[PDB]
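Just so you know, the entry's author numbering puts the end of the first sequence at 210, numbered straight through with nothing missing.
Backbone N, C-alpha and C define an ideal beta-carbon position, used for all residues, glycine too.
Worksheet: the structure to be examined is printed underneath.
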Amino acid sequence: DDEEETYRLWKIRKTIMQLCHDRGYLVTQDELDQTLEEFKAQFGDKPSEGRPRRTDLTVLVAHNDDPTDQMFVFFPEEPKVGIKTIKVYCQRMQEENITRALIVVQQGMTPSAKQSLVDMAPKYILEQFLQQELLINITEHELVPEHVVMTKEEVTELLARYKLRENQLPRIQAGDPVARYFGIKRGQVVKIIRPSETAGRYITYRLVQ
DNA sequence: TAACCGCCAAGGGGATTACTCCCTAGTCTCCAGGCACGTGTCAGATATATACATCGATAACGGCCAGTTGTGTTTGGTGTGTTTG
């Protein structure tokens, strides 16, 4: 389809922009909530072998406080992305000092690809998202409360306040969709704020592991 | 003084005889005694037989050891599939 594909692309882009904004990267208040009309008028609304073709709508955004830190958002055309594509992406990334990135794959990448992805991990952080997982922004959902990634200093402050070993805090595996959304990694604590029906508000913490 | 011798006397009684009674030695027969067998009995010795006793063998009895409906999960391998080298 044409119209549906354009709608899907616009939704994916909006989701990614909201995600980057949540993480901390600075983004236009315009593109954060741009409707679909300007999207059509910008790209062409002819994804079917036309102007709005993938890999052309990628967006690079720099962090809020560290203008030196950016992250790509690729959109490979291969339904079953291989390793060669990620290989060339990483090579082309290597020219700049960028370290983080985000891959949007049509369909699930082959298992051989995940091995390569993790292999380059310490040097170039890159993670994957299925468009099917990006068509909706979970963090807005009624059930999913509000997360706040904590800085190391305050994590130490918390642990020293409650005299509690970080091993004793609750756990949240990295695979969790909220974790992958925020880009948290192992050994890092996420603050959770829930409306408590018996206490108004209740704040808890979860160490990723 | 009486043993002995002599003359004298009566008659006892010893020997003989004819004759008779009836005794007794002898014979055939057959009893009393005595010493030998014959049958029977009691007592004893030798022998066969039944019974209780010691000892030996089989072996019955005591006793041991032997064999004789359903729901809800996990893991782990095979076949197909895709990508990689």
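For residue i, the three-state DSSP class (helix, strand or coil)
| i | result |
| --- | --- |
| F130 | strand |
| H142 | coil |
| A161 | helix |
| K88 | helix |
| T36 | coil |
| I99 | coil |
| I194 | strand |
Straight-line Cα distance separating residue j from residue i
| i | j | result |
| --- | --- | --- |
| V209 | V179 | 11 Å |
| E4 | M72 | 29 Å |
| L58 | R166 | 45 Å |
| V106 | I173 | 25 Å |
| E128 | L118 | 8 Å |
| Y90 | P146 | 35 Å |
Close-in-space but distant-in-sequence residues of the same chain around residue i (CB under 8 Å, 5 per side omitted)
| i | result |
| --- | --- |
| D70 | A63, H64, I99, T100, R101 |
| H22 | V28, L33 |
Among the options, nearest to residue i - alpha-carbon criterion
| i | options | result |
| --- | --- | --- |
| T205 | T59, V60, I193 | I193 |
| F183 | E6, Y8, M18 | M18 |
| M110 | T86, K153, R54 | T86 |
| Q133 | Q116, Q108, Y125, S117 | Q108 |
| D177 | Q169, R187, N168 | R187 |
| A114 | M94, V82, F130 | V82 |
Cutoff 6 Å; reference residue i; Cβ partners in own chain excluding five residues on either side
| i | result |
| --- | --- |
| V190 | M151, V156, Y206, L208 |
| residue 1 | What the structure shows of the chain is the stretch from 2 to 210, and residue 1 is not part of that stretch, so it cannot be assessed. |
Contact set for residue i: own chain, Cβ-Cβ below 7 Å, skip 5 residues either direction
| i | result |
| --- | --- |
| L61 | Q71, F73 |
| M94 | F73, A102, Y125 |
Practice item. Assess, as a yes-or-no matter, whether the stretch 26–33 is touched by the stretch 43–51 under the definition of 3 or more beta carbon pairs within less than 8 Å. Key: no
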